[PDB]
Protein chains: 2
Amino acid sequence: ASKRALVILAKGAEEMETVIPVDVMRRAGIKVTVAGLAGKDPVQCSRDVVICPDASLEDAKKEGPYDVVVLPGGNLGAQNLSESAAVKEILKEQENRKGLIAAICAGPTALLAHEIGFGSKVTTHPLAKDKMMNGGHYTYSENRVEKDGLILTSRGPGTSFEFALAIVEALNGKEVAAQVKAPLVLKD
Amino acid sequence: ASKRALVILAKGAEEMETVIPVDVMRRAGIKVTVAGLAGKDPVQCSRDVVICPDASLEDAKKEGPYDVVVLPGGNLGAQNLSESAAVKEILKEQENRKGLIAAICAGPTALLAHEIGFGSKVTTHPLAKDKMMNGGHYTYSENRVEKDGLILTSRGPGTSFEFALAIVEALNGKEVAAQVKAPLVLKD
């Protein structure tokens, strides 16, 4: 009776955008797997923080399904996500089974690369807007967190807490989100 | 002409409170050393995120001095910091040379353990207030970030961005802090 989250971690990911959702989701009782795109080895993030993944993506793929798939940002991280055929397979399967897909900052650009969720309202980091909107396949929002159907997006490192709590609210409900929020000492 | 920051990473540290300052300080051009209390090996944080330190504290001690020493929170992490004789030596030396000392959430309780900065105004996580105030050696503040002399404290994971930017403002000045802040998409 435990919800499951997959966080996909590639070289160049924004480490704040990775750790904040993982930590908050584990505070909410969610079973989180931090899966390394290239394997089980330690991943050098964009600001040189080095994180050990829980598993390789190959292994984690086989322990599905997941109630949410999480794509952090970071420009080079999103580029690696966008180029990965394994990411494409995971995202297409999540869309087909109507599971949640959550991406933050530059992360949403991987959705475009993999042709995921066309027609949805999305947000990105302002600097990633032009890339996300190539072709007019999505409608753009400037909300700090945006949710349309099964696609949940958010704008930047500074929105990481709101992004994570929205995942909690979607999976476990508003009361659990509010309970997890209070000890964090967030402003609003 | 490059400022230097030491972040001390112990088992049980709050991983958000570790990564956010490290990332933000590196965005500000600060040379940050993430030093592992127990050695060079990977450190399991409070919500099971595993981080590889840049060096052992023993090695990092010898490459001083540092313009700021940073103590993350997490209850078990702060307890390990409070029990460490090496932490005591580093903090006493930083105080004597009038360097900045920054601690967040439960981190400030290590200051009490090591008899650092008595008489200063400090804040902590609300749940750590009683521990920090045993003996009346500090004056308590409910400000989200508090700075008195060379002691800079902050309250919780949700204050980590404000805490980090205050370190930047202290080391590199208000203009660099404002420049680093804008791409983060913080609310205020």
# chains A, B, ... in the order shown; residues from 1 in each chain; ligands from 1

$ closest_atom_pairs --of "chain B" --to "chain A" --cutoff "6 Å" --atoms "only C-alpha atoms" --output "tab-separated table"
residue	atom	partner	partner_atom	distance
B:16	CA	A:20	CA	5.8
B:20	CA	A:16	CA	5.8
B:23	CA	A:47	CA	5.5
B:47	CA	A:23	CA	5.5
B:50	CA	A:52	CA	5.3
B:51	CA	A:51	CA	4.7
B:52	CA	A:50	CA	5.3
B:156	CA	A:185	CA	5.6
B:157	CA	A:184	CA	5.3
B:158	CA	A:186	CA	4.4
B:184	CA	A:158	CA	5.1
B:185	CA	A:158	CA	5.0
B:186	CA	A:158	CA	4.4

$ select_by_dssp --residues "range 33-141 of chain A" --states "strand (DSSP E or B)" --output "MDAnalysis selection string"
chainID A and resid 33:36 43:44 50:52 55:56 68:71 100:104 121:122 139:140

$ write_last_selection --atoms "C-alpha atoms" --output "PDB file, in the first residue's frame"
ATOM      1  CA  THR A  33      14.375   5.047  -6.111  1.00  0.00           C
ATOM      2  CA  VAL A  34      17.146   7.324  -7.267  1.00  0.00           C
ATOM      3  CA  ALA A  35      18.187   5.620 -10.504  1.00  0.00           C
ATOM      4  CA  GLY A  36      21.378   6.477 -12.350  1.00  0.00           C
ATOM      5  CA  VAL A  43      26.873  10.883 -10.540  1.00  0.00           C
ATOM      6  CA  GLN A  44      28.586  14.293 -10.734  1.00  0.00           C
ATOM      7  CA  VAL A  50      28.447  13.822  -6.215  1.00  0.00           C
ATOM      8  CA  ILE A  51      25.461  11.581  -5.418  1.00  0.00           C
ATOM      9  CA  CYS A  52      25.342   7.762  -5.212  1.00  0.00           C
ATOM     10  CA  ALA A  55      20.230   1.566  -8.497  1.00  0.00           C
ATOM     11  CA  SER A  56      20.966   1.640 -12.179  1.00  0.00           C
ATOM     12  CA  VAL A  68       5.450   9.165 -10.394  1.00  0.00           C
ATOM     13  CA  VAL A  69       8.474   9.520 -12.668  1.00  0.00           C
ATOM     14  CA  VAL A  70      10.602  12.560 -11.750  1.00  0.00           C
ATOM     15  CA  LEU A  71      12.931  14.402 -14.141  1.00  0.00           C
ATOM     16  CA  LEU A 100       2.198  10.999 -13.134  1.00  0.00           C
ATOM     17  CA  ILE A 101       5.205  12.601 -14.823  1.00  0.00           C
ATOM     18  CA  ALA A 102       6.944  15.467 -12.999  1.00  0.00           C
ATOM     19  CA  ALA A 103       9.767  17.602 -14.429  1.00  0.00           C
ATOM     20  CA  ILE A 104      11.393  20.805 -13.196  1.00  0.00           C
ATOM     21  CA  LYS A 121      -0.045  23.288 -20.233  1.00  0.00           C
ATOM     22  CA  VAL A 122       3.547  23.298 -18.920  1.00  0.00           C
ATOM     23  CA  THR A 139       0.824  25.820 -24.044  1.00  0.00           C
ATOM     24  CA  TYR A 140       3.140  27.818 -21.807  1.00  0.00           C
TER      25      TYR A 140
END

$ closest_residue --among "B:81, B:6, B:60, B:171" --to "residue 40 in chain B" --atoms "only C-alpha atoms"
B:60

$ select_by_dssp --residues "range 65-130 of chain A" --states "alpha helix (DSSP H)" --output "ChimeraX atom specification"
/A:75-83,85-96,109-113,129-130

$ write_last_selection --atoms "N, CA and C atoms" --output "short mmCIF file (atom, residue, chain, number, x, y, z; two decimals), in the first residue's frame"
data_model
loop_
_atom_site.label_atom_id
_atom_site.label_comp_id
_atom_site.auth_asym_id
_atom_site.auth_seq_id
_atom_site.Cartn_x
_atom_site.Cartn_y
_atom_site.Cartn_z
N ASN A 75 20.83 21.92 -17.18
CA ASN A 75 20.85 21.94 -18.64
C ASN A 75 21.47 20.68 -19.22
N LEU A 76 22.67 20.30 -18.75
CA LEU A 76 23.29 19.09 -19.29
C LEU A 76 22.56 17.83 -18.84
N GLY A 77 21.96 17.86 -17.65
CA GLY A 77 21.19 16.71 -17.22
C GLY A 77 19.98 16.49 -18.10
N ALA A 78 19.26 17.57 -18.42
CA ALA A 78 18.07 17.43 -19.26
C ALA A 78 18.45 16.96 -20.65
N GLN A 79 19.60 17.42 -21.15
CA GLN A 79 20.08 17.00 -22.46
C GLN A 79 20.37 15.50 -22.47
N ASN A 80 21.01 15.00 -21.41
CA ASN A 80 21.24 13.56 -21.32
C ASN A 80 19.92 12.80 -21.22
N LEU A 81 18.94 13.33 -20.48
CA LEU A 81 17.64 12.67 -20.41
C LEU A 81 16.97 12.64 -21.79
N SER A 82 17.12 13.72 -22.54
CA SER A 82 16.43 13.87 -23.82
C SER A 82 17.01 12.94 -24.86
N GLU A 83 18.27 12.57 -24.71
CA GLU A 83 18.97 11.72 -25.66
C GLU A 83 18.84 10.24 -25.34
N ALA A 85 17.34 6.62 -24.95
CA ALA A 85 16.22 5.79 -25.43
C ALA A 85 15.52 5.10 -24.28
N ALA A 86 16.26 4.77 -23.22
CA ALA A 86 15.63 4.18 -22.05
C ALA A 86 14.67 5.18 -21.40
N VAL A 87 15.03 6.47 -21.39
CA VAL A 87 14.09 7.43 -20.82
C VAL A 87 12.83 7.47 -21.66
N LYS A 88 12.98 7.44 -22.99
CA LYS A 88 11.81 7.47 -23.87
C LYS A 88 10.87 6.32 -23.55
N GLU A 89 11.42 5.11 -23.39
CA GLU A 89 10.58 3.95 -23.12
C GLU A 89 9.86 4.10 -21.79
N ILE A 90 10.56 4.58 -20.77
CA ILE A 90 9.95 4.72 -19.45
C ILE A 90 8.84 5.76 -19.49
N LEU A 91 9.09 6.89 -20.15
CA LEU A 91 8.08 7.94 -20.19
C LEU A 91 6.85 7.52 -21.00
N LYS A 92 7.05 6.90 -22.17
CA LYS A 92 5.91 6.46 -22.98
C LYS A 92 5.05 5.47 -22.21
N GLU A 93 5.68 4.55 -21.49
CA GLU A 93 4.92 3.59 -20.69
C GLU A 93 4.16 4.29 -19.56
N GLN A 94 4.78 5.27 -18.92
CA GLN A 94 4.10 5.99 -17.85
C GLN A 94 2.90 6.76 -18.38
N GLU A 95 3.05 7.39 -19.54
CA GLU A 95 1.92 8.07 -20.16
C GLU A 95 0.80 7.07 -20.48
N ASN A 96 1.15 5.91 -21.05
CA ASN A 96 0.11 4.97 -21.48
C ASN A 96 -0.73 4.47 -20.32
N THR A 109 12.06 19.79 -20.92
CA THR A 109 12.44 19.72 -22.32
C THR A 109 12.64 18.28 -22.75
N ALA A 110 12.87 17.37 -21.80
CA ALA A 110 12.95 15.96 -22.16
C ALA A 110 11.60 15.44 -22.65
N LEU A 111 10.53 16.06 -22.19
CA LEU A 111 9.22 15.62 -22.64
C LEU A 111 9.04 15.90 -24.10
N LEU A 112 9.51 17.06 -24.53
CA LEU A 112 9.39 17.40 -25.93
C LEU A 112 10.21 16.45 -26.78
N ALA A 113 11.45 16.21 -26.37
CA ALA A 113 12.31 15.30 -27.09
C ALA A 113 11.66 13.93 -27.28
N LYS A 129 12.32 28.29 -22.03
CA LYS A 129 11.02 28.44 -22.67
C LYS A 129 11.12 28.23 -24.18
N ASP A 130 12.05 28.92 -24.85
CA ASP A 130 12.11 28.82 -26.31
C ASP A 130 12.32 27.39 -26.77
#

$ atom_distance --atom1 "CA of residue 13 in chain B" --atom2 "CA of residue 106 in chain B"
9.4 Å

$ atom_distance --atom1 "CA of residue 62 in chain B" --atom2 "CA of residue 168 in chain B"
23.7 Å

$ atom_distance --atom1 "CA of residue 57 in chain B" --atom2 "CA of residue 37 in chain B"
5.4 Å
